[PDB]
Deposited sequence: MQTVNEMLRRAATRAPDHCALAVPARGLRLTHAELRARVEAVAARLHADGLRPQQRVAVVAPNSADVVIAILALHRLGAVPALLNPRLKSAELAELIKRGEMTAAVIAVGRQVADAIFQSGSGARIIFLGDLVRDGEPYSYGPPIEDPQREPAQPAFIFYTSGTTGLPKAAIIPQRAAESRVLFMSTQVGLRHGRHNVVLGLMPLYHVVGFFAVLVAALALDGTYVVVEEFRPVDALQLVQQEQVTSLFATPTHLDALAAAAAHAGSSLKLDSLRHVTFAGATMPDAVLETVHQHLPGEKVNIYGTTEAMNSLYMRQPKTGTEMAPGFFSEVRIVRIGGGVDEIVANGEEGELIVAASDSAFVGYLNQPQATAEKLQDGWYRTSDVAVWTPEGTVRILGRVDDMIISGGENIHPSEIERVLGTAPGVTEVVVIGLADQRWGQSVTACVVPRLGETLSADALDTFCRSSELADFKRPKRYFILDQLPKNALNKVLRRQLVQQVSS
């Protein structure tokens, strides 16, 4: 195998004087060799402070060159970085660190987080990011340290998912290589000093780390740091840095397209060859503006924290239709059945994917959730899917979102995509409410565009004119001024049911 460390180490022998890490706004640029020396220096300092191989270390920080250096240093020493979203509540961050039995936590200042960890009882030693490295410059002490022995199944990195608190997925050493190289076999990246990769995806997301940061460096290219997303600024970096690939959220992509659409603009996006996204939830309209206003090859991917890439589609026409690429083996099985209970073609079931080299080895300290998701060599996505007559996979939605009305499956995502194109609608969530037949009734919760007036009659008229089969059209509308959302701007579906029942 080639671990993350080995891939970076080899890259550095091949292109030592080539730019590895750029933070243009900060005027900060490091070659592959300069980056490696800084990683080595931070590793040695961390070791001298008592940190040892296979100890878990939390990382709580937003994207920056300094966190890149810290993460890779932990890995170089042989510690296991547990990368956490810093936008989570402080008490939740502290509970996950406690839960995970971490040795230490590396955190970015604004330390109501450090307070939280202390007062949780965790005993994770706090390490401030600014104490380790500042704008690429490390605080250096301690003897040089051995590059430790890493084993294929051994914990390497921990990444956190979405009922309840996020789960700590353990990524083994052997998973890194295919988690990078799918970007070559599926997305068509290739080795070379031409690679300039824009860092839009968060580092605590598996795509942000493996598919973006590691792939950039491992292919002997440049990773461009973005500390704060702004569409005009991001497109200017494409031109100025000669960016060749970008991976972004559907939401960032809609904003980037709109910014690229001005005829009075001087922006040159010619260098950009690959625009990649996880577009299962992307509406036809968003995808259309992406095709129109951004250059490069568009590639849709399906993936998970647990198993990385499982499906993709070159030059997609809709976001939900994809097929397995290199590394992947997929099935669709009876919802709630064993891994060998293949559905007849055209029937709906749960998408499952083989757990090969790229797969997590379990959820840290959560044996119960692990047994439910990893069964008999297969990862269970908890997504509903169907094989089409063309032999591709159509993603239908989450098992848990599914609505059963008159004994028939209805997927709110489909109905939401339709209703989101209706006049006056700015937001829509489709949910099932209990009927009097022991089933559920398709119900739509809609927010009006500012100043517009919605009506159940007009919305139903729009649905009747759509392609929606009769049984799918909402039986009832709730017109609301806003939807209940958590701090991560995500809709609280349970809270919504309870709200509309009274």
I have the full deposited sequence and the modelled structure. Can you tell me which residue ranges, counted from 1, have no C-alpha coordinates? 163 to 164
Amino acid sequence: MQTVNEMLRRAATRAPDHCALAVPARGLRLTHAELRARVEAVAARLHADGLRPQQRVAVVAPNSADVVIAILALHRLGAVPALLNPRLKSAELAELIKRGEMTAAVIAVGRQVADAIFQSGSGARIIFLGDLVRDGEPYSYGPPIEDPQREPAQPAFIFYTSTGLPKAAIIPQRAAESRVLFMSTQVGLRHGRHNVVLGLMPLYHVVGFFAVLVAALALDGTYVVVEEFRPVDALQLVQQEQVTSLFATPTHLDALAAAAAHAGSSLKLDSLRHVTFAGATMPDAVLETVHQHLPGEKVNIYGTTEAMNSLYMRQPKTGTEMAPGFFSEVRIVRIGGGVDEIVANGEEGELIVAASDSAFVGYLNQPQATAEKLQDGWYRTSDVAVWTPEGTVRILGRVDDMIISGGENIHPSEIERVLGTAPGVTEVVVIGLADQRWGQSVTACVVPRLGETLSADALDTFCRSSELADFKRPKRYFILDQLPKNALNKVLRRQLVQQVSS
From here on, numbers count along this sequence of modelled residues.
Take the C-alpha B-factors listed in the entry for 397 to 405 and for 142 to 150, compute each mean, and give the stretch with the larger one. 142 to 150
Comparing 339 to 347 with 323 to 331, the higher average Cα temperature factor in the PDB entry belongs to 339 to 347
Residue 3: CA B-factor among chain residues, third -> lowest
Ranking the modelled residues of this chain by C-alpha B-factor as given in the entry, is residue 252 in the lowest, middle or highest third? highest
Considering only modelled residues of the same chain, in which third does the CA B-factor of residue 376 rank: lowest, middle or highest? lowest
Which third of the chain holds residue 128 when residues are ordered by C-alpha B factor: lowest, middle or highest? lowest
Assigned third (lowest, middle, highest) for the C-alpha B factor of residue 424: middle
